[PDB]
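Let me begin by presenting the structure, written as C-alpha cells, before commenting on it.
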Amino acid sequence: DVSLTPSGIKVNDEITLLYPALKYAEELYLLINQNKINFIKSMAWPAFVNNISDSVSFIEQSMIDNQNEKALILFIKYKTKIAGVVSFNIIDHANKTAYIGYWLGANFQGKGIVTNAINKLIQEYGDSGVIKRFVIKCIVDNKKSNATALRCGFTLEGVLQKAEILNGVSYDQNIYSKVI
Ligand SMILES: CC(C)(COP(=O)(O)OP(=O)(O)OC[C@H]1O[C@@H](n2cnc3c(N)ncnc32)[C@H](O)[C@@H]1OP(=O)(O)O)[C@@H](O)C(=O)NCCC(=O)NCCS
Ligand SMILES: Nc1ncnc2c1ncn2[C@@H]1O[C@H](COS(=O)(=O)NC(=O)[C@@H](N)CC(=O)O)[C@@H](O)[C@H]1O
C-alpha cells in the first residue's frame, strides 16, 4: 500500500496525515494560537495552550501514545501547511474500537479535509479488520461536527447526558458510530 509512507498516511494529492514530530511544534502552536478564541467554544484544552512548549509537550506525549497504540494522533497536512489534527483519541484493543477526534484551523474549514481524512482512516483500519467499531462523540450543539459524522456515514446511537465538561459546565454529547 503505497499510501502508507514512513512520514504518514497519504489521503489524496493534497492531504497527508503526518505522524507527529517535534519539528511540527512551532507551526502547530501558531495554528492553535490563531484559533484559540473559537476553539475554546468547543474543546477544553485550547484554553491552556500558552506557549510553544505546550505544543512540544503535546507532541512528546502523542509520540509515546502512538508508539504504544494507546492512541493514533496525526497532524493533518493540507498542501504545504499543517491544517489541524485527526486522531483515534482512544484505541480499545480488546473491543476493536476507536474513538475519533479532530479539529481544523478556520482557514482550513469548508474544504472536506476531515471527511476525507476519516474516510481514509476507516478504510485503512476498518477494511483491514484492525478496528470493528469507530465512534465520534461530541457536544450536541456542535453543528459542524454532527454534519461531519453524518457525511462520513456514521449513525447516531443516542445522547450521552451531561458527558462533557467545558469550563465547569457539563454538556450532553451525541454518540455516533460506524461499524465494519
Ligand atoms: C468539526 C470541524 C473539523 C468540521 O470542519 P469541516 O471543514 O466542516 O469538515 P469536513 O471535512 O466535513 O468538511 C465539510 C465542509 O467542506 C465542504 N466541501 C468542500 N470540499 C469538500 C470535499 N472534498 N469533501 C467533502 N466536503 C467538501 C462541505 O460542503 C462542507 O462545508 P459546509 O460546512 O459549508 O457545508 C471544524 O468545524 C472544527 O475544527 N471545529 C472545532 C473543533 C471541534 O469542534 N472538533 C470536534 C470536537 S467535538
Ligand atoms: N494540546 C493539544 N494540541 C493539539 N491538539 C490537541 C490537543 N489536545 C487534544 N488535541 C486534539 O483535539 C482533537 C479533539 O479532541 S478533544 O479531546 O478536544 N475532543 C474530542 O475528541 C471530542 N470528540 C469529544 C470526545 O471525544 O469526547 C483530537 O484530535 C485531539 O488529538
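Every chain in the C-alpha cells takes a letter, A first, then B, and so on in the order presented; its residues are numbered from 1, and the ligands are numbered from 1 following the presented order.
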
Exercise. Taking the backbone alone, and naming residues the way the document does, which bits of range 73-172 of chain A are strand (DSSP E) by DSSP, as a PyMOL selection string?
Worked result: chain A and resi 73-78+81-92+97-104+133-139+155-166+169-172

For this session: Compute the set of protein, DNA and RNA residues whose minimum atom distance to ligand 1 is at most 10 Å, using only C-alpha atoms and all ligand atoms, and state it as a PyMOL selection string.
Result: chain A and resi 35+38-44+83-86+100-119+136-152+164+173-174

For this session: Using CA of residue 15 in chain A and CA of residue 48 in chain A as the two end points, give the distance in Å to one decimal.
Result: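 Distance between the two atoms: 28.2 Å.
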
For this session: Please provide as an NGL selection string all residues within 10 Å of residue 134 in chain A, with the sequence filter that same-chain residues fewer than 2 positions apart are discarded (counting only C-alpha atoms).
Result: :A and (88 or 91 or 96-100 or 118 or 121-122 or 125-126 or 131-132 or 136 or 154 or 176-180)

Problem set entry | Length of the CA of residue 71 in chain A to CA of residue 37 in chain A vector [Å] |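 CA of residue 71 in chain A sits 26.5 Å away from CA of residue 37 in chain A.
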
Pick out the residues sitting within 9 Å of residue 69 in chain A, and hand them over as an mmCIF file with N, CA, C and O atoms, in the first residue's frame; count only C-alpha atoms, and ignore anything fewer than 5 positions along from it in its own chain.
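Result file selection_21.cif:
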data_model
loop_
_atom_site.group_PDB
_atom_site.id
_atom_site.type_symbol
_atom_site.label_atom_id
_atom_site.label_comp_id
_atom_site.auth_asym_id
_atom_site.auth_seq_id
_atom_site.Cartn_x
_atom_site.Cartn_y
_atom_site.Cartn_z
ATOM 1 N N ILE A 64 4.539 9.068 22.403
ATOM 2 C CA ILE A 64 4.526 7.952 23.348
ATOM 3 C C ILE A 64 3.257 7.116 23.162
ATOM 4 O O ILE A 64 3.323 5.888 23.024
ATOM 5 N N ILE A 90 -8.607 7.333 21.639
ATOM 6 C CA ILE A 90 -8.528 6.114 22.425
ATOM 7 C C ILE A 90 -8.653 4.957 21.451
ATOM 8 O O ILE A 90 -9.547 4.958 20.600
ATOM 9 N N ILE A 91 -7.747 3.988 21.563
ATOM 10 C CA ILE A 91 -7.899 2.709 20.882
ATOM 11 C C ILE A 91 -8.162 1.643 21.945
ATOM 12 O O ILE A 91 -7.320 1.393 22.808
ATOM 13 N N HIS A 93 -8.303 -1.911 22.260
ATOM 14 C CA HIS A 93 -7.866 -3.088 21.528
ATOM 15 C C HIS A 93 -8.754 -4.304 21.764
ATOM 16 O O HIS A 93 -9.125 -4.995 20.817
#

Exercise. With distances taken over only C-alpha atoms and all ligand atoms, which of A:57, A:3, A:80, A:170 is nearest to ligand 2?
Worked result: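 Counting only C-alpha atoms and all ligand atoms, the residue closest to ligand 2 is A:57.
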
Exercise. Looking at A:63, A:28, A:22, A:94, which one is nearest to ligand 2, with distances taken over only C-alpha atoms and all ligand atoms?
Worked result: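 Distance minimum relative to ligand 2 lands on A:28.
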
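Residue nearest ligand 2 within the list A:159, A:72, A:11, A:21: A:72 [criterion: smallest interatomic distance, only C-alpha atoms and all ligand atoms].
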
Problem set entry | Nearest candidate to residue 76 in chain A (options A:10, A:133, A:36, A:162; using only C-alpha atoms) | A:10

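In terms of minimum interatomic distance to ligand 2, A:160 ranks closest within A:160, A:155, A:123, A:77, counting only C-alpha atoms and all ligand atoms.
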
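Distance check against ligand 2 using only C-alpha atoms and all ligand atoms: of A:156, A:82, A:163, A:169, the minimum falls on A:163.
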
For this session: Would you list the contacts of residue 51 in chain A as JSON, numbers by chain, taking every protein, DNA or RNA residue within 9 Å and counting only C-alpha atoms, but skipping same-chain residues closer than 3 positions in sequence?
Result: {"A": [29, 33, 48, 54, 55]}

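Atom 20 (C, counted along the ligand's line) of ligand 2 sits 12.8 Å away from CA of residue 171 in chain A.
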